[PDB]
Amino acid sequence: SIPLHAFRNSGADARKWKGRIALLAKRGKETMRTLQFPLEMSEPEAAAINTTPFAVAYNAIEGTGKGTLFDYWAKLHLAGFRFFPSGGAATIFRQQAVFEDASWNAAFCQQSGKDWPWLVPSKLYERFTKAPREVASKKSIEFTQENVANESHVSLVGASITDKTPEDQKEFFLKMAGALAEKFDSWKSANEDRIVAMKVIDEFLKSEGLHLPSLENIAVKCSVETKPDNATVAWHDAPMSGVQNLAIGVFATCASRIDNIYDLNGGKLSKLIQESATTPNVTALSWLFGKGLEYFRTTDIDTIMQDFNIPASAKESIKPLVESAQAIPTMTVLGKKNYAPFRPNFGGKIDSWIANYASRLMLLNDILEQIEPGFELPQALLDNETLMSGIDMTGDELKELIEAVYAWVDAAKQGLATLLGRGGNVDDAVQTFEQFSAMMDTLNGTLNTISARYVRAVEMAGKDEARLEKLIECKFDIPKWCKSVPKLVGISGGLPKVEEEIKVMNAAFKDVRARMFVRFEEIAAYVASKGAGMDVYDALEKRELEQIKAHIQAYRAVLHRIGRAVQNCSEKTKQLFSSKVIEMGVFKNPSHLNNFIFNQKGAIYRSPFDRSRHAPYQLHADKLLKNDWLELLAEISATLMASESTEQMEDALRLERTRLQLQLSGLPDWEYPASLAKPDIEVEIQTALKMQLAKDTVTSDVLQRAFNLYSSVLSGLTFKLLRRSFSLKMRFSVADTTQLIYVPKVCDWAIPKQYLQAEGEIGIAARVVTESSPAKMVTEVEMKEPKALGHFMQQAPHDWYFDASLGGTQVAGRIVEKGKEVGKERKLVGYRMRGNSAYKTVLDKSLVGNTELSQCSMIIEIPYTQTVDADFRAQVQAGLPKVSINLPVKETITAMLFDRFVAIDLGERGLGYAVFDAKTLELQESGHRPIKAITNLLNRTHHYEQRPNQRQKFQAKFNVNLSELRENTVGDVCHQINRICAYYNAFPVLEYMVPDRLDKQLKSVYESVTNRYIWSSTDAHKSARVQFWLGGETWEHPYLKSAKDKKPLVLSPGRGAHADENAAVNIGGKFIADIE
RNA sequence: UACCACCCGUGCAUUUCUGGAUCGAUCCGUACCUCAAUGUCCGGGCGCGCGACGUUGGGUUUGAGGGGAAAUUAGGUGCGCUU
DNA sequence: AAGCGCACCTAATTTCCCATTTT
DNA sequence: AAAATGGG
């Protein structure tokens, strides 16, 4: 019928097509997706929003410093407070002495011969503490022999009674449960009669003839109340004193409780500390972030010591906890009085860290155990002048470095034990791994320098035997363990303080530039005192001293460093400079001049150490020597002095540092006083340079490299000063069910009259409607026909408002909350939710039950612009805050893919396809579909791949989000494969690897598309694939069988394997040959 | 299947309701973010001020995509200096 | 070609996005 | 509506 160009698999329909392929899935999950609704605010309303209280609350919830919840949470874990899921659970733990679990259980195991460790007295006083709940398939809460036996077996042994379960276990509960079922009418009644229930089980055990101690007696002792009411925490462990690293200490405290930690993997360790740290579903955090936060903040230290029965010894470890409690500010936003509603994302953050840190501890253990002792460097190499030059240390300091690395592998093995809870100072083990990583970085750097120098010396020596023989005798191989040591995982959060940041970078830029000019004058003063010259042309007799391991190179090295500065300047500057050089006519080709100056390609000077094969740019020598190149730099700088454009200002600062440094590159070969190389600015110094620096005298290279630190901090500050726009995004999620305000429109509605002739819910409602207004209409439907309300409300004129606790419009509305009957018209306050019909159809489907709204996230985004003045001082300006609701939604699929397959080739301009019958594996149709989004991505990212010096400026200058542009292009290619799949009722067959001939931006796209159809081991790929196919993870073809295992094919729902059309027919051939 | 015609970037204007309910009709849903398309501005390139060169070249969908948020780690790229 | 110092851009890890019932 | 926590 219609051709493929006319076929429409898009929008709500592609989501129905996929909902259906998903229902064909062998295995799969339920997915969510967020829909963002901007809240409508007038400019008056947006101006009236105060973001200061929102900033205070977000910094307490998300900050990892003082006054935050990470600091109250960590200091609870470090004071000796174990966390428990309920309060009941904590009271039983605080009564472990009374129970005598071990003793009782051992006696039962011996007397009965049953050997049932799970039957301890404590697990029984529990089942009579907690009643079960009719989870809604619904459970039942009535006390029956069947009910109680199942509930008691689940609590004690952790599983429901099944046929597989040994009969002895089943009978033991049945007989007990039978006694309990006879004696107690209800779980409610049994829970009240704790002592009586224990007596009953004691009688059951005595009837069976066991001489075990009285549980009833235990119950009387256990029946006193633990003072802090409903506490989910119990003090027990000794306190970890003065841990600067808060999270790393909490992980160690928790891991200390685990036994045989080394056998465990990252997943297992993560799950056992996640349970002890945040507790399952952060149920403990409810109390600590609610009534617990009040207790610690508002109880005499003496009564927090009495109520948890803490020894006087730990008082100094508890004194800090109360300060950390008291420091978190009052919760004043989203109508919330305390922090408990914010627990779900606090848990997610900590649990994320715990999982990532536990994997990193387990990695460092494997790395530390592969460091093989005995690596040594040949004595020859340690005495080849050439291959030990430029490492800032002698051969007797590289020997000592390799010895230092082996000693630090032993200290690192003990630091890891201390971090996995085995014992020690945690803060002196973080330091060990730092000092270990630093030593191993210095060794890896030094050996990369020496191996590079070696392969350069070999090539240059060439055929000369004396050179080659002495070189090959210095040969060494870098050991596999000599690598960057992976760091310990950190944790941070809170808002960037914009006004403070700007103050800091303005202060820093002015101070560093002052200190750089000051030092250069001090160096020039000292060289003047001894009467010598900073002759930059003579100092390139150094080109000679390195060459052994002249004038042409001296003048080419001053014109290549001057030239490379212009390459990083504006087109104004690039022209002013370029013309002057063309007048001189130094270059054989002026094409090469502008190629170098404008296209940033090639060079007019190469260092001898450079392994590059491309010859420097040809020049006429006479012109080069005739003209002073340092003179040009003064002239260009002078032209760009008074421009007052920020782009020209930045060139002025770059060329200033180029002039200062080409003068310092001309210093005579001497020994300098070592205070002419000591930096007063804050910068990282490599440890080789810093041990070279802590001496009486330094070489010219040390003087020069320490001065380049001035320039590297200035160039850094420039990236932060030249930021033009950014936003402060604050996200808040409570643990409360999403409530939407359904506001009927204040307009006359003429209900369609065909609605009366229908047997549906809309029919039922349309029949009973007599009133004019849609607010009065919905009241009339509610009162007369209440089952049909929902369907009538979806059609009746309405708006959607949200009560962010920020004010808004007073509206007459009915609250629409999940698993609740719609509210009665109350007067309410809310901000209208902006959105097209496609988004609002998802809110209307919720009234019927076709969709479920989840707990939402409110996002306050505050926009900012930044500008630099004449003095290059940055200024920031904040716009009106935008508020939005990010609503996670779940949606039901209403109740083809196997009988054909389509091979898809991703090519340069679009895709090709070839469809075969899955039954007969024959060719039925082929075609090519140009995608214009591929051509647009290669056109708008051309100057990010061919102008390398300008990739940190391509986004702000060209107003692009390359991530978003790649997201749109993956959007548009997946759309076209999904459209072809839908049009021919075919499952997609893709090649496994994106070719390496393709542009870097297209390779990225073509690999975010192969990973939504083909299977990938990487979790990120599987997560993306499943969310794309609406929870569908695995599919199984009914009749197609793999050659490899003679198993039915697994699809996802694709299978890994004109030019694009030709290629797809070949991908399809490859797939067929891999099936029976 | 008729249609359309140098290419790219930047800025400006314009378009972009794309979802439901009932039996084409009636009613509900006000339309966010991004990509695009349409015209215009200036700059660059190519050919002969002007541009498709039988023809390809392109387009055809109800234009298309929209799962957020937070922390983390690792890698890559750039600039400068030294050997 | 390497090394270092300072930047920015990208890709992957891990977690959250309860419900039930009492008070 | 807020607090506590069951049921995996």
Side-chain angles (χ1 to χ4, degrees), chain A residues 5-12 32-34 36-38 62 85-87 130 132-133 135 230 281 283 286-287 290-291 340 344-345 347-349 351-353 355-356 359-360 389-390 445 448-449 452-453 456 486-487 489-493 546 568 607 609-612 657 661 683 686 689 701 704-705 708-709 711-713 715-716 719 731 733 735 749-755 757-758 760 762 791 794-797 834-841 844 854-855 857 886 888 930 932-933 936 939-940 948-949 951-952 958 962-965 967-968 971-972 975 979 1004 1018-1020 1027:
Chain A
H5 69 74
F7 189 74
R8 195 230 191 211
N9 198 44
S10 327
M32 323 173 79
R33 83 189 178 105
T34 296
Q36 312 191 51
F37 296 86
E62 295 275 24
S86 74
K130 46 138 130 194
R133 297 173 180 167
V135 272
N230 312 345
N281 284 204
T283 57
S286 180
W287 190 81
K291 312 203 83 167
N345 279 113
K349 202 211 197 118
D351 284 6
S352 182
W353 180 79
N356 285 308
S359 280
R360 179 55 47 91
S389 274
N448 284 316
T449 306
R453 222 161 287 284
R456 190 48 188 167
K487 73 170 299 268
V489 180
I491 163 152
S492 171
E546 269 122 51
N568 306 340
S607 114
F609 295 120
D610 204 325
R611 222 117 69 223
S612 173
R657 295 185 319 255
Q661 286 190 123
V683 57
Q686 64 263 47
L689 179 65
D701 39 289
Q704 280 153 226
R705 280 173 290 118
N708 193 196
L709 299 179
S711 133
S712 71
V713 173
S715 181
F719 278 110
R731 184 265 286 106
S733 316
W749 181 33
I751 301 189
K753 303 193 305 307
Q754 68 265 6
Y755 277 170
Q757 302 184 357
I762 195 62
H791 277 87
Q794 165 171 6
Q795 294 304 325
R834 303 191 61 235
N836 69 321
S837 65
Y839 274 33
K840 277 170 173 159
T841 294
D844 291 345
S854 306
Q855 288 171 174
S857 5
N886 285 31
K932 228 219 311 251
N936 170 74
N939 290 339
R940 298 186 70 195
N949 56 338
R951 288 173 180 159
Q952 307 184 222
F958 288 84
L962 285 193
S963 261
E964 280 178 4
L965 197 63
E967 218 170 23
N968 284 103
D972 294 16
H975 168 85
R979 182 148 176 262
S1004 174
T1018 309
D1019 271 33
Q1027 181 77 30

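Proteins come first, then strands; the chains are lettered A, B, ... in the order of their sequence lines, and each starts at number 1.
Between the side chain of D1019(A) and the base of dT13(C) there is no donor-acceptor pair of N/O atoms closer than 3.5 Å. The base of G20(B) does not come close enough to the side chain of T841(A) for any donor and acceptor atom to sit less than 3.5 Å apart. Residue side chain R834(A) does not reach the base of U30(B) through any donor-acceptor N/O pair under 3.5 Å, judged by distance alone. Side chain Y839(A) to base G66(B): a donor-acceptor pair is found below 3.5 Å. Judged by atom type and distance alone, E967(A) does not reach the base of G65(B) through any side-chain donor-acceptor pair under 3.5 Å. In terms of polar N and O atoms assigned as donor or acceptor, the side chain of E964(A) never comes within less than 3.5 Å of the base of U34(B) in a complementary pairing.
Heavy atoms from other residues, nucleotides or ligands lying under 6.0 Å from CD of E546(A) number more than 12.
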message: One character per nucleotide, please: for nucleotides 72-83 of chain B, 5' to 3', B when the base has a protein heavy atom closer than 4.0 Å, S when only the sugar-phosphate does, - otherwise.
response: SSS--SBSBBSB

- request: Any chance you could list the contact pattern along nucleotides 2-8 of chain D? Use B for base contacts, S for sugar-phosphate-only contacts and - for none, protein heavy atoms under 4.0 Å, 5' to 3'.
  value: SSBBBBB

Filtered N/O pairs between nucleotides 5-14 of chain B and protein, under 3.5 Å:
| unit_1 | atom_1 | unit_2 | atom_2 | d |
| --- | --- | --- | --- | --- |
| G11(B) | OP1 | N959(A) | ND2 | 2.8 |

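The bases of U56(B) and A5(B) line up as a Watson-Crick or G-U pair, and both contact lengths stay under 3.5 Å. Between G63(B) and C17(B) there is no base pair of the Watson-Crick or G-U wobble kind with both donor-acceptor distances below 3.5 Å. Base-pair annotation: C4(B) with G57(B) meets the Watson-Crick or G-U wobble criterion (two N/O distances, each under 3.5 Å).
In this structure, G29(B) makes no Watson-Crick or G-U wobble pair, since no nucleotide meets both defining distances under 3.5 angstrom.
In secondary-structure terms, DNA chain D builds stems of at least 3 consecutive Watson-Crick or G-U pairs, each pair having both distances under 3.5 Å, at C:20-23 with D:1-4.
Nearest to the side chain of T34(A), among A64(B), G68(B), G20(B), sits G68(B). Here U22(B) is the nucleotide among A69(B), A71(B), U22(B) with the atom lying nearest to any side-chain atom of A758(A). Comparing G65(B), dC16(C), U18(B) by their closest approach to the side chain of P344(A) singles out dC16(C).
Looking at residues two or more places apart in sequence or on another chain, you find a salt bridge (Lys or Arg N to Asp or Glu O under 4.0 Å) between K349(A) and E62(A).
For the OP1/OP2 pair of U30(B) and a distance below 4.0 Å, the side-chain nitrogens and oxygens of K840(A) include at least one atom meeting the criterion. At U61(B), none of the side-chain N or O atoms of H5(A) fall inside 4.0 Å of OP1 or OP2 (strictly under the cut-off). At the phosphate of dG3(C), OP1 or OP2 sits under 4.0 Å from a side-chain N or O atom of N448(A). When the side-chain nitrogen and oxygen atoms of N345(A) are compared with OP1 and OP2 of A69(B), none of them lie within a distance under 4.0 Å. Residue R33(A) places none of its side-chain N or O atoms closer than 4.0 Å to OP1 or OP2 of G68(B).
Comparing the axis of the opening five pairs of the helix from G67(B)-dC17(C) to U83(B)-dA1(C) with that of the closing five pairs yields an angle of 40°, rounded to 10°.
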